[PDB]
Amino acid sequence: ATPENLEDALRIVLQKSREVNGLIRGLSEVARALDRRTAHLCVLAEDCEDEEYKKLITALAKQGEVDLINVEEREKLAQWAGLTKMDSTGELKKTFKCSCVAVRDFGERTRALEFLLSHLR
Amino acid sequence: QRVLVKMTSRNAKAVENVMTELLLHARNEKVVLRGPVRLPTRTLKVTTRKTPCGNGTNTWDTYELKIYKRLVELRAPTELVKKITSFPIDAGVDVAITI
Amino acid sequence: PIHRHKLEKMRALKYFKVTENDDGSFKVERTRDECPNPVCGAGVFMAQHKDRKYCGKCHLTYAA
Amino acid sequence: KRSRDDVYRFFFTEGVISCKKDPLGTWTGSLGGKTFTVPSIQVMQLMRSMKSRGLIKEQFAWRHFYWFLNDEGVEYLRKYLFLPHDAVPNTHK
Amino acid sequence: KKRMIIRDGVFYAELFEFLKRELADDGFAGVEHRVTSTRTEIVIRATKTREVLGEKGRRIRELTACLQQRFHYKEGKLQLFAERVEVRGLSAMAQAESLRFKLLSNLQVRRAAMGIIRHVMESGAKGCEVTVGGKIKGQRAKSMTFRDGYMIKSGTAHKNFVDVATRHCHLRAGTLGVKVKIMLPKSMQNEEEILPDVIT
Amino acid sequence: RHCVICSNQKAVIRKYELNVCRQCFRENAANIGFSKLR
RNA sequence: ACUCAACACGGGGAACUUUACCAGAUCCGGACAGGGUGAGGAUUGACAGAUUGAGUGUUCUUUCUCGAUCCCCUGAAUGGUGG
C-alpha cells in the first residue's frame with residue numbers, strides 16, 4: 001500500500017462505522033467494551049492529553065488482542081470520521097473533537113490492509 | 001360416522017345456492033342424500049334508543065337478524081367431502097362441516 | 001415564584017471512571033470498592049452509605 | 001431512550017406501518033414478524049415527529065393509525081440507516 | 001353461528017370506512033367480499049380502477065398490507081382486486097364525491113348540483129335528488145333542495161332501490177353538508193308496487 | 001368497563017353479544033348487517 | 001333539559017375507575033432544534049437518606065446506571081367531558 005492508502009483506508013472504515021451502528025463512542029463506554037472485546041480494531045488520538053489515556057488504552061487493547069492504530073489528532077480524527085456541520089459560508093458550525101472511538105466492523109480491503117500492519121498484535 | 005352439512009349464514013339466497021343446487025352433485029352421484037327440513041332460525045334482536053339526547057318521546061328501535069341454519073345429511077362420504085365443501089364460494093359466511 | 005419539584009441536578013461523573021485498571025508495570029487497582037456477583041460484569045461498583053453497600057444497577061445486598 | 005432504536009428499524013422492509021392509539025403500551029407490529037416489544041405511545045411519538053417534516057403520510061380509521069412511507073420518507077430512511085435500498089414498497093412485490 | 005355474522009359485520013364496517021375515507025374521488029361505490037375457501041377476494045368497486053391499483057403498484061399492496069397487519073392475515077389468505085363500474089351516475093357515493101370536489105373548489109352550489117343532475121338523468125335514471133344543507137349564508141343554516149324526476153320513500157322496499165350517500169365538505173366559516181340519493185331505473189328486488197300491466 | 005372504538009368510557013358502552021356500537025351510535029354507524037322492518 | 005316535543009329522561013342501576021367538579025401530585029402530550037449544551041450536560045434509570053398522603057425515584061443529597069432522542073431559548077404545537 002501507499003502512504004495515502006493507509007490514512008485513507010483508515011478513514012473509510014471510520015466513515016462507515018459512524019453512519020452505521022458499527023462504532024462505539026464515548027470514554028467509559030469504550031473502555032468497558034474493550035474488556036468484552038466487541039471491538040476488532042481501535043483508533044487512538046494522541047492529541048488527547050488526559051492522564052493515563054494514551055498509555056493504558058494501548059495496554060487494554062494488547063491484553064485482549066484488539067488491533068490498535070494511533071493517529072495525530074482528535075480533531076483530525078473527528079473530521080476524518082465525518083461530522084462537519086455546514087453553514088452557508090462553508091465555515092464549520094460546530095466541531096466535535098472526538099476521542100474514544102473503537103470500531104467493531106471492517107470492510108474487506110481494510111482487513112487486508114490491517115494485516116499489512118499487524119499492530120498491536 | 002355419517003357426515004352432515006350445516007350451512008350457517010346471515011342471509012337467505014346464499015345458502016339456497018349451496019343446498020339445493022350443489023347437493024345434486026352428491027345426491028346419488030357418489031353418496032346417498034337424506035334430506036330433512038332445516039333447523040329453527042334464531043333471531044338476534046337488539047334495542048337501540050333513536051334519540052342522542054334526553055329530549056324526545058324516549059323512542060327506541062327493534063333491529064333483527066335472521067340466522068339460517070340449513071342442515072342436510074349424507075351417509076358416510078370420506079375423501080369425497082373435499083368436493084362437497086369446495087363447491088360453494090358464492091358468498092361470505094358460508095361455512096361447512098365434516099364429522 | 002415557586003416551581004416546587006424538578007430542577008437541574010448537574011451530577012454523576014466528570015472524567016471519573018476514567019479507565020479500567022492502570023497497568024504497564026503491574027496493575028494498580030480501581031477507585032472504588034468491588035461488586036461481587038453483578039450480571040453486567042465488574043465494571044459496576046457499589047455505594048458507600050451506612051456501612052451497607054449497594055449496586056445501583058444489579059441491586060444487591062452486600063456490606064463492608 | 002434505547003427504545004427508539006427498535007422502531008427506527010421497524011420502518012424498513014415492512015412497507016406500510018400500523019399502530020393503535022392507546023395511552024397504554026402494546027406492540028404495534030404483527031406483519032413484520034420482528035417482534036420488538038415497545039409501548040405504543042413511543043411508536044406514535046416517532047411517527048408524528050417525522051410526519052411533521054412531511055416524510056411520512058398519515059391516514060386514520062376509527063381509532064387505528066396506518067402510516068404510509070412516501071417516496072420522500074423512503075429516501076430519508078435509507079440515508080438515516082446509511083443502507084441504500086431499491087425502495088421499501090417496491091421491493092416487497 | 002351468532003358470533004360469525006356479528007364479526008363479519010365488524011370486518012365489513014372497518015374495511016368500508018377505511019377505504020371510503022382515505023381513498024376517495026375515484027368514483028368509489030363501496031366494496032364487496034366473499035370467500036373462496038381459506039382466501040377472501042375482497043373486490044373494490046371504483047369507477048376509476050387505475051388509482052386503486054397504482055401506476056407504481058404501491059396502492060394495492062399498501063391496502064392489502066394494512067389489513068394483514070391489523071387482523072393477522074397473510075398472503076394467499078387475502079387479496080384485493082379492482083372492478084370497473086360503468087356509469088358513475090348509478091353510484092350514489094361516486095356522484096357524492098365528485099360533487100364534494102366541485103364545492104371544495106369553491107364553485108357555485110347551483111352549477112355544481114346541475115352537473116350531477118345532468119349526468120345521472122342522462123343514463124336513464126327515474127329521478128335523483130340533491131339536498132345540500134349548511135352554510136351558503138352566514139346566519140341561516142339555509143337548506144336548498146333540488147328535486148328531479150320522481151322518487152319514492154314509501155314502504156321499506158324503497159331502501160333497496162335507492163342507494164344514498166351523505167358526505168361533508170369543510171370550508172371557511174365551517175361545515176357544509178351534502179347528500180345525494182338517486183333512484184335507480186333497475187330494481188334490486190326485481191319488484192314494482194305500481195303499474196299492473198296487461199300482456200296482450 | 002371501557003370501549004375500543006372510543007376512549008370516552010362514558011355516553012354508554014354496549015357489550016351485548018360482544019360488540020361496541022353505542023359509543024359510536026349504530027344508526028350513524030351501520031353496515032353491521034342489521035335492519036329494521038318491524 | 002323545564003306547558004305539550006322537562007322531570008325511573010341524557011340505554012345516566014354513577015362510590016376507586018368512569019369525571020365534568022373538589023382536595024393534591026404528575027406528564028410532555030412542549031412534537032417539531034431552525035438559534036445552545038455530545039464524551040463529563042440541563043439527562044435515561046437508580047439502593048439508602050430526604051421529599052411527601054404515597055420507599056413513590058417525581059424531586060433533593062449520596063453514589064451508581066447513561067442512550068446524547070430526554071435538556072436549554074424562541075417560534076411552532078397538540079390535546080380537552082370548556083363556552
# chains A, B, ... in the order shown; residues from 1 in each chain; ligands from 1
>>> residues_around(residues="range 78-80 of chain G", least_positions_apart="5", cutoff="12 Å", atoms="only C-alpha atoms (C1' of nucleotides)", output="list in words")
residues 45, 48, 49 and 52 of chain D; 8 of chain F; 20, 28, 29, 30, 31 and 32 of chain G
>>> write_last_selection(atoms="N, CA and C atoms (P, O5', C5', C4', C3', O3' and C1' of nucleotides)", output="PDB file, in the first residue's frame")
ATOM      1  N   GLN D  45     -45.161   8.732  18.913  1.00  0.00           N
ATOM      2  CA  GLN D  45     -44.301   9.900  19.003  1.00  0.00           C
ATOM      3  C   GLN D  45     -43.363  10.034  17.825  1.00  0.00           C
ATOM      4  N   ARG D  48     -45.077  10.714  14.460  1.00  0.00           N
ATOM      5  CA  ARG D  48     -45.590  12.061  14.457  1.00  0.00           C
ATOM      6  C   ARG D  48     -44.475  13.033  14.175  1.00  0.00           C
ATOM      7  N   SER D  49     -43.287  12.866  14.809  1.00  0.00           N
ATOM      8  CA  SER D  49     -42.142  13.751  14.667  1.00  0.00           C
ATOM      9  C   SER D  49     -41.716  13.945  13.224  1.00  0.00           C
ATOM     10  N   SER D  52     -44.315  15.542  10.728  1.00  0.00           N
ATOM     11  CA  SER D  52     -44.258  16.986  10.779  1.00  0.00           C
ATOM     12  C   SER D  52     -43.227  17.546   9.828  1.00  0.00           C
TER      13      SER D  52
ATOM     14  N   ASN F   8     -63.793   7.268  25.418  1.00  0.00           N
ATOM     15  CA  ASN F   8     -64.591   8.132  26.267  1.00  0.00           C
ATOM     16  C   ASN F   8     -64.923   7.460  27.576  1.00  0.00           C
TER      17      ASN F   8
ATOM     18  P     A G  20     -61.900  15.226  34.809  1.00  0.00           P
ATOM     19  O5'   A G  20     -62.839  16.163  33.932  1.00  0.00           O
ATOM     20  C5'   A G  20     -63.556  17.178  34.656  1.00  0.00           C
ATOM     21  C4'   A G  20     -64.734  17.715  33.842  1.00  0.00           C
ATOM     22  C3'   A G  20     -65.453  18.876  34.537  1.00  0.00           C
ATOM     23  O3'   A G  20     -64.891  20.137  34.143  1.00  0.00           O
ATOM     24  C1'   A G  20     -67.021  17.185  34.025  1.00  0.00           C
ATOM     25  P     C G  28     -42.690  12.609  30.218  1.00  0.00           P
ATOM     26  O5'   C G  28     -43.425  13.444  29.103  1.00  0.00           O
ATOM     27  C5'   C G  28     -44.189  12.758  28.103  1.00  0.00           C
ATOM     28  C4'   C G  28     -44.928  13.741  27.180  1.00  0.00           C
ATOM     29  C3'   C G  28     -43.999  14.369  26.132  1.00  0.00           C
ATOM     30  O3'   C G  28     -44.696  14.615  24.902  1.00  0.00           O
ATOM     31  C1'   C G  28     -44.834  16.075  27.523  1.00  0.00           C
ATOM     32  P     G G  29     -44.838  13.489  23.803  1.00  0.00           P
ATOM     33  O5'   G G  29     -46.398  13.411  23.485  1.00  0.00           O
ATOM     34  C5'   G G  29     -47.002  14.170  22.426  1.00  0.00           C
ATOM     35  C4'   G G  29     -48.039  15.251  22.816  1.00  0.00           C
ATOM     36  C3'   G G  29     -47.440  16.500  23.445  1.00  0.00           C
ATOM     37  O3'   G G  29     -48.223  17.657  23.138  1.00  0.00           O
ATOM     38  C1'   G G  29     -48.805  15.258  25.032  1.00  0.00           C
ATOM     39  P     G G  30     -47.610  18.777  22.199  1.00  0.00           P
ATOM     40  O5'   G G  30     -46.328  19.396  22.939  1.00  0.00           O
ATOM     41  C5'   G G  30     -45.298  19.809  22.001  1.00  0.00           C
ATOM     42  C4'   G G  30     -43.948  20.200  22.628  1.00  0.00           C
ATOM     43  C3'   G G  30     -43.383  19.332  23.749  1.00  0.00           C
ATOM     44  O3'   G G  30     -41.949  19.405  23.727  1.00  0.00           O
ATOM     45  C1'   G G  30     -43.940  21.437  24.611  1.00  0.00           C
ATOM     46  P     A G  31     -41.042  18.240  23.153  1.00  0.00           P
ATOM     47  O5'   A G  31     -41.800  17.774  21.834  1.00  0.00           O
ATOM     48  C5'   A G  31     -42.009  16.363  21.663  1.00  0.00           C
ATOM     49  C4'   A G  31     -42.537  16.037  20.261  1.00  0.00           C
ATOM     50  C3'   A G  31     -41.692  16.546  19.086  1.00  0.00           C
ATOM     51  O3'   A G  31     -40.575  15.681  18.833  1.00  0.00           O
ATOM     52  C1'   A G  31     -43.934  17.042  18.657  1.00  0.00           C
ATOM     53  P     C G  32     -39.150  16.329  18.553  1.00  0.00           P
ATOM     54  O5'   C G  32     -39.351  17.222  17.275  1.00  0.00           O
ATOM     55  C5'   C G  32     -39.680  16.760  15.975  1.00  0.00           C
ATOM     56  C4'   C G  32     -40.103  17.950  15.103  1.00  0.00           C
ATOM     57  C3'   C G  32     -39.141  19.144  15.004  1.00  0.00           C
ATOM     58  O3'   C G  32     -38.101  18.850  14.068  1.00  0.00           O
ATOM     59  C1'   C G  32     -41.276  19.952  15.522  1.00  0.00           C
TER      60        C G  32
END
>>> select_by_dssp(residues="range 23-69 of chain A", states="alpha helix (DSSP H)", output="PyMOL selection string")
chain A and resi 27-34+53-63
>>> interface_residues(of="chain G", to="chain B", cutoff="9 Å", atoms="only C-alpha atoms (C1' of nucleotides)", output="MDAnalysis selection string")
chainID G and resid 1 5:6 9:11
>>> closest_residue(among="A:100, A:69, A:44, A:60", to="chain G", atoms="only C-alpha atoms (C1' of nucleotides)")
A:100
>>> interface_residues(of="chain A", to="chain C", cutoff="8 Å", atoms="only C-alpha atoms", output="PDB file with N, CA and C atoms, in the first residue's frame")
ATOM      1  N   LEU A  27     -16.086   7.835  26.377  1.00  0.00           N
ATOM      2  CA  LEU A  27     -14.992   7.453  27.249  1.00  0.00           C
ATOM      3  C   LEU A  27     -15.215   6.134  27.942  1.00  0.00           C
ATOM      4  N   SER A  28     -16.102   6.125  28.966  1.00  0.00           N
ATOM      5  CA  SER A  28     -16.362   4.985  29.814  1.00  0.00           C
ATOM      6  C   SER A  28     -17.077   3.871  29.091  1.00  0.00           C
ATOM      7  N   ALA A  31     -13.991   1.864  27.090  1.00  0.00           N
ATOM      8  CA  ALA A  31     -13.106   1.144  27.993  1.00  0.00           C
ATOM      9  C   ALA A  31     -13.672  -0.194  28.418  1.00  0.00           C
ATOM     10  N   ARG A  32     -14.908  -0.163  28.974  1.00  0.00           N
ATOM     11  CA  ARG A  32     -15.665  -1.294  29.468  1.00  0.00           C
ATOM     12  C   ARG A  32     -15.971  -2.319  28.389  1.00  0.00           C
ATOM     13  N   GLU A  52      -3.121   9.180  31.733  1.00  0.00           N
ATOM     14  CA  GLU A  52      -3.021   7.748  31.544  1.00  0.00           C
ATOM     15  C   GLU A  52      -3.895   7.227  30.429  1.00  0.00           C
ATOM     16  N   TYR A  53      -4.554   8.129  29.657  1.00  0.00           N
ATOM     17  CA  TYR A  53      -5.292   7.848  28.447  1.00  0.00           C
ATOM     18  C   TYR A  53      -4.469   7.076  27.442  1.00  0.00           C
ATOM     19  N   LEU A  56      -2.803   3.683  28.769  1.00  0.00           N
ATOM     20  CA  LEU A  56      -3.497   2.491  29.177  1.00  0.00           C
ATOM     21  C   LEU A  56      -4.329   1.869  28.085  1.00  0.00           C
ATOM     22  N   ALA A  59      -2.442  -0.719  26.297  1.00  0.00           N
ATOM     23  CA  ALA A  59      -2.344  -1.883  27.155  1.00  0.00           C
ATOM     24  C   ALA A  59      -3.575  -2.751  27.093  1.00  0.00           C
TER      25      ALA A  59
END
>>> closest_residue(among="D:57, D:93, D:9, D:64", to="chain A", atoms="only C-alpha atoms")
D:9
>>> select_by_dssp(residues="chain B", states="strand (DSSP E)", output="PyMOL selection string")
chain B and resi 4-9+33-34+43-46+63-66+68-74
>>> residues_around(residues="residue 49 in chain G", least_positions_apart="3", cutoff="9 Å", atoms="only C-alpha atoms (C1' of nucleotides)", output="PyMOL selection string")
(chain C and resi 49) or (chain G and resi 61-62)
>>> write_last_selection(atoms="N, CA, C and O atoms (P, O5', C5', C4', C3', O3' and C1' of nucleotides)", output="PDB file, in the first residue's frame")
ATOM      1  N   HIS C  49     -22.513   3.842  52.041  1.00  0.00           N
ATOM      2  CA  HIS C  49     -23.613   4.532  52.662  1.00  0.00           C
ATOM      3  C   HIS C  49     -24.144   3.618  53.737  1.00  0.00           C
ATOM      4  O   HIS C  49     -24.766   2.600  53.439  1.00  0.00           O
TER       5      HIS C  49
ATOM      6  P     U G  61     -28.808  17.935  44.789  1.00  0.00           P
ATOM      7  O5'   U G  61     -28.248  17.008  45.938  1.00  0.00           O
ATOM      8  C5'   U G  61     -27.693  17.639  47.101  1.00  0.00           C
ATOM      9  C4'   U G  61     -27.374  16.584  48.158  1.00  0.00           C
ATOM     10  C3'   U G  61     -26.467  15.431  47.722  1.00  0.00           C
ATOM     11  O3'   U G  61     -25.091  15.841  47.743  1.00  0.00           O
ATOM     12  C1'   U G  61     -28.334  14.556  48.873  1.00  0.00           C
ATOM     13  P     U G  62     -24.081  15.136  46.735  1.00  0.00           P
ATOM     14  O5'   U G  62     -24.020  13.652  47.262  1.00  0.00           O
ATOM     15  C5'   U G  62     -23.440  13.340  48.531  1.00  0.00           C
ATOM     16  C4'   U G  62     -23.566  11.836  48.800  1.00  0.00           C
ATOM     17  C3'   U G  62     -23.089  10.892  47.688  1.00  0.00           C
ATOM     18  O3'   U G  62     -21.675  10.684  47.800  1.00  0.00           O
ATOM     19  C1'   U G  62     -25.259  10.241  48.351  1.00  0.00           C
TER      20        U G  62
END
>>> closest_atom_pairs(of="chain G", to="chain C", cutoff="7 Å", atoms="only C-alpha atoms (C1' of nucleotides)", output="Markdown table")
| residue | atom | partner | partner_atom | distance |
| --- | --- | --- | --- | --- |
| G:40 | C1' | C:14 | CA | 3.9 |
| G:41 | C1' | C:10 | CA | 6.9 |
| G:42 | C1' | C:8 | CA | 5.5 |
| G:46 | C1' | C:56 | CA | 5.3 |
| G:47 | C1' | C:54 | CA | 5.5 |
| G:48 | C1' | C:49 | CA | 6.7 |
| G:59 | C1' | C:5 | CA | 4.9 |
| G:63 | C1' | C:47 | CA | 5.1 |
| G:64 | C1' | C:56 | CA | 4.8 |
| G:65 | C1' | C:57 | CA | 5.8 |
